[PDB]
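The block underneath contains the structure these notes are about, expressed in structure tokens.
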Amino acid sequence: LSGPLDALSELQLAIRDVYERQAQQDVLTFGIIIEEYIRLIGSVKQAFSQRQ
Amino acid sequence: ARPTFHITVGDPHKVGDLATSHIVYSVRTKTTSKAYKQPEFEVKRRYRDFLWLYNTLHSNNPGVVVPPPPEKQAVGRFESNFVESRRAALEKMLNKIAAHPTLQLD
Amino acid sequence: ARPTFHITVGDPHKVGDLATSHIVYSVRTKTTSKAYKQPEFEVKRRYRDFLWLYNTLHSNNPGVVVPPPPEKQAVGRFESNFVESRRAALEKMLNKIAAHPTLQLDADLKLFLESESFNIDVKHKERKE
């Protein structure tokens, strides 16, 4: 009974890790590409000010 | 040549803690570009140099673009990732600018 | 299992300058070893933890070996290379020790590699203290 309890200990530790790992896979990928654009959008605003 | 400029930004000579310490990267230009002297040069630039530089590009090119810089610590810490972002940010900035003949001409 | 312990030491969370700052590595044990709980654990150890740990291995194994540590800053700076050496030094140290069933059995080490909180709190916890 201890053993199954133990097996379910394994499932949760495993879920914790896998969840945390996915923030660095997918969310961080978007957080980088969004960050890139705000600078570049930033930059054609600097460009616009040169044209005005 | 202009886009055919080859850039590795590596070697994260990340000057150890100061709470503001500045990673110095190899910038290896392997470049077949005839807008770059050396077929390979490596320089070891530190964050400050680039930001300025980036600004320089800004300065020499009157409206003529200047994309985003090396990555900001304005949210960055000094994280490998952050510095990577910087590294990347440069890489990108650089990348593009190289495939823009003009900014590459600074 | 004992040599069949799989270790990546990565993620050079090299805590930025202090002139003594300490790189924290993922230590991913992917381990089919039945001397390591987790089939994968990652801990994020810092230099100090390991050196101690290394010493711990030294301590639990009475003559029973303990190869070289994580790499020394005693000539090292904090260089990526140096830290790599450290990373490596560990990797090696670890590698071997894992392919030595005994040093691989240090419980602190199981907890160490298979839990991030550093060697220390593991080490209290183990002698029930």
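Labels used: A, B, ... for chains in the order of the structure tokens, numbers from 1 for residues in each chain, and numbers from 1 for ligands as shown.
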
Q: For chain A, list the residues within 12 Å of chain C, counting only C-alpha atoms, and write the list as a PyMOL selection string.
A: chain A and resi 6-7+9-18+20-21

Could you write out that same residue set with N, CA and C atoms as a PDB file, in the first residue's frame?
ATOM      1  N   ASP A   6       3.718   5.588  -2.966  1.00  0.00           N
ATOM      2  CA  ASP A   6       5.015   5.882  -3.545  1.00  0.00           C
ATOM      3  C   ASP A   6       4.990   6.084  -5.040  1.00  0.00           C
ATOM      4  N   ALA A   7       4.234   5.239  -5.775  1.00  0.00           N
ATOM      5  CA  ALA A   7       4.085   5.373  -7.199  1.00  0.00           C
ATOM      6  C   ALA A   7       3.394   6.680  -7.599  1.00  0.00           C
ATOM      7  N   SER A   9       3.515   9.394  -5.612  1.00  0.00           N
ATOM      8  CA  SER A   9       4.574  10.375  -5.296  1.00  0.00           C
ATOM      9  C   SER A   9       5.314  10.652  -6.567  1.00  0.00           C
ATOM     10  N   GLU A  10       5.698   9.573  -7.305  1.00  0.00           N
ATOM     11  CA  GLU A  10       6.437   9.687  -8.570  1.00  0.00           C
ATOM     12  C   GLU A  10       5.747  10.469  -9.615  1.00  0.00           C
ATOM     13  N   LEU A  11       4.408  10.198  -9.850  1.00  0.00           N
ATOM     14  CA  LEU A  11       3.619  10.953 -10.843  1.00  0.00           C
ATOM     15  C   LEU A  11       3.655  12.463 -10.583  1.00  0.00           C
ATOM     16  N   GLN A  12       3.442  12.913  -9.360  1.00  0.00           N
ATOM     17  CA  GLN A  12       3.475  14.376  -9.046  1.00  0.00           C
ATOM     18  C   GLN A  12       4.751  15.012  -9.150  1.00  0.00           C
ATOM     19  N   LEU A  13       5.898  14.371  -8.760  1.00  0.00           N
ATOM     20  CA  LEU A  13       7.192  14.976  -8.895  1.00  0.00           C
ATOM     21  C   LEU A  13       7.512  15.136 -10.369  1.00  0.00           C
ATOM     22  N   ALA A  14       7.176  14.070 -11.149  1.00  0.00           N
ATOM     23  CA  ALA A  14       7.299  14.079 -12.566  1.00  0.00           C
ATOM     24  C   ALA A  14       6.455  15.197 -13.209  1.00  0.00           C
ATOM     25  N   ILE A  15       5.198  15.444 -12.804  1.00  0.00           N
ATOM     26  CA  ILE A  15       4.383  16.540 -13.307  1.00  0.00           C
ATOM     27  C   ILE A  15       4.908  17.833 -12.998  1.00  0.00           C
ATOM     28  N   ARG A  16       5.412  18.058 -11.753  1.00  0.00           N
ATOM     29  CA  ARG A  16       6.048  19.314 -11.416  1.00  0.00           C
ATOM     30  C   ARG A  16       7.139  19.703 -12.385  1.00  0.00           C
ATOM     31  N   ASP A  17       8.009  18.769 -12.682  1.00  0.00           N
ATOM     32  CA  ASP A  17       9.152  19.067 -13.513  1.00  0.00           C
ATOM     33  C   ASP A  17       8.754  19.420 -14.918  1.00  0.00           C
ATOM     34  N   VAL A  18       7.896  18.600 -15.505  1.00  0.00           N
ATOM     35  CA  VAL A  18       7.422  18.731 -16.845  1.00  0.00           C
ATOM     36  C   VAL A  18       6.717  19.979 -17.035  1.00  0.00           C
ATOM     37  N   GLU A  20       7.176  22.874 -15.280  1.00  0.00           N
ATOM     38  CA  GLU A  20       8.157  23.934 -15.151  1.00  0.00           C
ATOM     39  C   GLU A  20       8.990  24.030 -16.423  1.00  0.00           C
ATOM     40  N   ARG A  21       9.358  22.888 -17.003  1.00  0.00           N
ATOM     41  CA  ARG A  21      10.148  22.788 -18.227  1.00  0.00           C
ATOM     42  C   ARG A  21       9.429  23.405 -19.365  1.00  0.00           C
TER      43      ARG A  21
END

Q. Which residues, written as an NGL selection string, have at least one atom at most 12 Å from residue 113 in chain C, with only C-alpha atoms counted and residues fewer than 3 positions away on the same chain left out?
A. :C and (5-9 or 25-31 or 35-46 or 49-50 or 53 or 90-91 or 94 or 98 or 104-110 or 116-119 or 122)

Quick one: which chain A residues come within 9 Å of chain B, and what is the nearest atom pair for each with the distance in Å to one decimal, counting only C-alpha atoms, rows ordered by chain and ascending number, as a Markdown table?
| residue | atom | partner | partner_atom | distance |
| --- | --- | --- | --- | --- |
| A:32 | CA | B:85 | CA | 8.0 |
| A:36 | CA | B:68 | CA | 7.2 |
| A:37 | CA | B:68 | CA | 8.3 |
| A:38 | CA | B:68 | CA | 8.6 |
| A:39 | CA | B:68 | CA | 4.9 |
| A:40 | CA | B:68 | CA | 5.2 |
| A:41 | CA | B:68 | CA | 8.7 |
| A:42 | CA | B:68 | CA | 7.9 |
| A:43 | CA | B:67 | CA | 6.0 |
| A:44 | CA | B:65 | CA | 7.5 |
| A:46 | CA | B:63 | CA | 7.8 |
| A:47 | CA | B:63 | CA | 5.0 |
| A:48 | CA | B:63 | CA | 7.7 |
| A:49 | CA | B:63 | CA | 8.3 |
| A:50 | CA | B:63 | CA | 5.4 |
| A:51 | CA | B:63 | CA | 6.9 |

Check which residues of chain C sit at most 6 Å from chain B using only C-alpha atoms, and return one row each with the closest pair of atoms and their distance in Å to one decimal, ordered by chain and rising number, as a tab-separated table.
residue	atom	partner	partner_atom	distance
C:13	CA	B:80	CA	5.8
C:16	CA	B:17	CA	3.8
C:17	CA	B:17	CA	1.5
C:18	CA	B:17	CA	3.5
C:19	CA	B:16	CA	5.7
C:21	CA	B:17	CA	5.9

Q: Just list the residues in chain C DSSP gives alpha helix (DSSP H) on the backbone, as number ranges by chain.
A: C: 47-60, 80-98, 107-113, 119-126

Generate the output file for the selected residues, N, CA and C atoms, as a compact mmCIF listing (two decimals), in the first residue's frame.
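See part31.txt below for the written result:
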# COMPACT_ATOMS: atom_id res chain seq x y z
N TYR C 47 28.77 25.73 -6.80
CA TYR C 47 30.08 25.18 -6.71
C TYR C 47 30.43 24.62 -5.36
N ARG C 48 30.03 25.41 -4.37
CA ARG C 48 30.23 25.20 -2.98
C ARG C 48 29.59 23.94 -2.47
N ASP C 49 28.42 23.63 -3.03
CA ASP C 49 27.66 22.50 -2.64
C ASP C 49 28.35 21.27 -3.02
N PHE C 50 28.84 21.26 -4.27
CA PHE C 50 29.58 20.17 -4.78
C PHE C 50 30.86 19.88 -4.14
N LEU C 51 31.61 20.93 -3.79
CA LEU C 51 32.90 20.73 -3.23
C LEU C 51 32.79 20.07 -1.96
N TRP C 52 31.83 20.58 -1.17
CA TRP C 52 31.45 19.95 0.02
C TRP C 52 31.06 18.57 -0.26
N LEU C 53 30.19 18.37 -1.24
CA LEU C 53 29.61 17.11 -1.50
C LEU C 53 30.67 16.14 -1.77
N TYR C 54 31.62 16.56 -2.56
CA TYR C 54 32.71 15.82 -2.99
C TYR C 54 33.47 15.33 -1.80
N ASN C 55 33.62 16.22 -0.85
CA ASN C 55 34.17 15.98 0.42
C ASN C 55 33.32 15.02 1.13
N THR C 56 32.00 15.08 1.03
CA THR C 56 31.07 14.20 1.68
C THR C 56 31.33 12.84 1.24
N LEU C 57 31.52 12.64 -0.06
CA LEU C 57 31.81 11.39 -0.66
C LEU C 57 33.05 10.92 -0.04
N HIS C 58 33.97 11.86 0.18
CA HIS C 58 35.18 11.57 0.82
C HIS C 58 34.91 11.02 2.19
N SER C 59 33.99 11.65 2.91
CA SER C 59 33.63 11.39 4.27
C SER C 59 32.87 10.13 4.50
N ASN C 60 32.24 9.54 3.48
CA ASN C 60 31.31 8.47 3.79
C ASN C 60 31.92 7.23 3.36
N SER C 80 34.53 30.79 -18.53
CA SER C 80 33.56 29.84 -19.03
C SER C 80 34.17 28.49 -19.10
N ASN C 81 35.43 28.50 -19.49
CA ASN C 81 36.33 27.41 -19.58
C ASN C 81 36.61 26.83 -18.26
N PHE C 82 36.88 27.67 -17.26
CA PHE C 82 37.18 27.29 -15.92
C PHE C 82 35.98 26.66 -15.29
N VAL C 83 34.84 27.29 -15.46
CA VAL C 83 33.60 26.86 -14.95
C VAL C 83 33.26 25.64 -15.68
N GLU C 84 33.61 25.55 -16.96
CA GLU C 84 33.45 24.38 -17.73
C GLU C 84 34.29 23.36 -17.11
N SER C 85 35.50 23.67 -16.71
CA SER C 85 36.33 22.72 -16.10
C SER C 85 35.68 22.23 -14.89
N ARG C 86 35.02 23.10 -14.17
CA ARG C 86 34.32 22.73 -13.03
C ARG C 86 33.21 21.82 -13.26
N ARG C 87 32.46 22.11 -14.30
CA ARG C 87 31.34 21.44 -14.84
C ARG C 87 31.74 20.08 -15.23
N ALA C 88 32.84 20.01 -15.95
CA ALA C 88 33.50 18.86 -16.41
C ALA C 88 34.00 18.07 -15.28
N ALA C 89 34.57 18.74 -14.28
CA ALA C 89 35.27 18.16 -13.19
C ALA C 89 34.38 17.43 -12.35
N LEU C 90 33.22 18.03 -12.22
CA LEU C 90 32.12 17.39 -11.68
C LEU C 90 31.70 16.33 -12.52
N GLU C 91 31.61 16.55 -13.83
CA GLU C 91 30.98 15.59 -14.66
C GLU C 91 31.69 14.35 -14.55
N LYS C 92 32.98 14.46 -14.60
CA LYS C 92 33.90 13.44 -14.43
C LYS C 92 33.85 12.78 -13.14
N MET C 93 33.79 13.58 -12.08
CA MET C 93 33.90 13.11 -10.75
C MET C 93 32.76 12.25 -10.50
N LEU C 94 31.62 12.79 -10.92
CA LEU C 94 30.32 12.24 -10.89
C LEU C 94 30.20 11.06 -11.73
N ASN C 95 30.78 11.12 -12.91
CA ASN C 95 30.69 10.10 -13.89
C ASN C 95 31.23 8.86 -13.33
N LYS C 96 32.41 9.02 -12.76
CA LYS C 96 33.12 7.90 -12.30
C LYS C 96 32.52 7.28 -11.15
N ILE C 97 32.13 8.16 -10.23
CA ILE C 97 31.53 7.78 -9.02
C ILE C 97 30.31 7.10 -9.32
N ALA C 98 29.55 7.53 -10.32
CA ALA C 98 28.42 6.75 -10.65
C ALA C 98 28.80 5.40 -11.18
N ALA C 107 23.85 8.92 0.03
CA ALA C 107 22.46 9.29 0.10
C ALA C 107 22.30 10.74 -0.07
N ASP C 108 23.31 11.51 0.42
CA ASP C 108 23.32 12.93 0.29
C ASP C 108 23.33 13.19 -1.13
N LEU C 109 24.17 12.46 -1.85
CA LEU C 109 24.33 12.53 -3.26
C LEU C 109 23.08 12.17 -3.99
N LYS C 110 22.30 11.18 -3.53
CA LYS C 110 21.05 10.93 -4.19
C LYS C 110 20.15 12.07 -4.08
N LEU C 111 20.00 12.58 -2.88
CA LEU C 111 19.20 13.71 -2.60
C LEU C 111 19.72 14.94 -3.27
N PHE C 112 21.01 15.12 -3.35
CA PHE C 112 21.70 16.20 -3.96
C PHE C 112 21.42 16.36 -5.43
N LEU C 113 21.35 15.25 -6.15
CA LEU C 113 21.33 15.20 -7.58
C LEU C 113 19.94 15.14 -8.02
N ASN C 119 23.56 20.59 -0.85
CA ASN C 119 24.08 19.42 -0.19
C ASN C 119 23.76 19.46 1.25
N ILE C 120 23.71 20.71 1.73
CA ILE C 120 23.58 21.08 3.09
C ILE C 120 22.34 20.62 3.74
N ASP C 121 21.17 20.92 3.15
CA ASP C 121 19.98 20.68 3.92
C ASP C 121 19.60 19.26 3.80
N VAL C 122 20.13 18.64 2.75
CA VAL C 122 20.13 17.24 2.53
C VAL C 122 20.92 16.58 3.59
N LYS C 123 22.06 17.17 3.92
CA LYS C 123 22.92 16.59 4.87
C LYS C 123 22.45 16.67 6.27
N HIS C 124 21.58 17.63 6.62
CA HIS C 124 20.99 17.51 7.92
C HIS C 124 20.04 16.44 7.96
N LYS C 125 19.20 16.46 6.93
CA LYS C 125 18.08 15.61 6.81
C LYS C 125 18.45 14.19 6.87
N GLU C 126 19.54 13.82 6.20
CA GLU C 126 19.95 12.46 6.29
C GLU C 126 20.36 11.90 7.62

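Between CA of residue 97 in chain B and CA of residue 52 in chain B lies a distance of 15.2 Å.
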
DSSP on the backbone: what in chain C comes out strand (DSSP E), as a compact mmCIF listing (two decimals) with C-alpha atoms, in the first residue's frame?
# COMPACT_ATOMS: atom_id res chain seq x y z
CA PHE C 5 23.51 6.77 -14.59
CA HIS C 6 23.20 9.61 -17.13
CA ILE C 7 24.36 13.09 -16.26
CA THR C 8 24.24 16.34 -18.05
CA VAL C 9 25.69 19.29 -16.23
CA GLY C 10 24.50 22.27 -18.11
CA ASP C 11 22.83 25.51 -17.77
CA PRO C 12 25.58 27.70 -16.67
CA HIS C 13 23.55 29.93 -14.40
CA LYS C 14 26.68 31.63 -13.80
CA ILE C 23 28.03 29.01 -11.25
CA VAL C 24 25.06 27.03 -10.75
CA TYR C 25 24.56 24.27 -13.09
CA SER C 26 21.69 22.17 -13.86
CA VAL C 27 22.63 18.75 -12.85
CA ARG C 28 20.33 16.60 -14.67
CA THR C 29 20.58 13.16 -13.72
CA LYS C 30 18.64 11.13 -16.21
CA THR C 31 19.33 7.90 -14.64
CA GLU C 40 15.36 12.38 -14.18
CA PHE C 41 16.08 15.00 -11.73
CA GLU C 42 17.54 18.30 -12.13
CA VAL C 43 19.12 20.18 -9.38
CA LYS C 44 20.95 23.36 -9.70
CA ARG C 45 24.00 23.13 -7.77
CA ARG C 46 26.45 25.69 -6.96
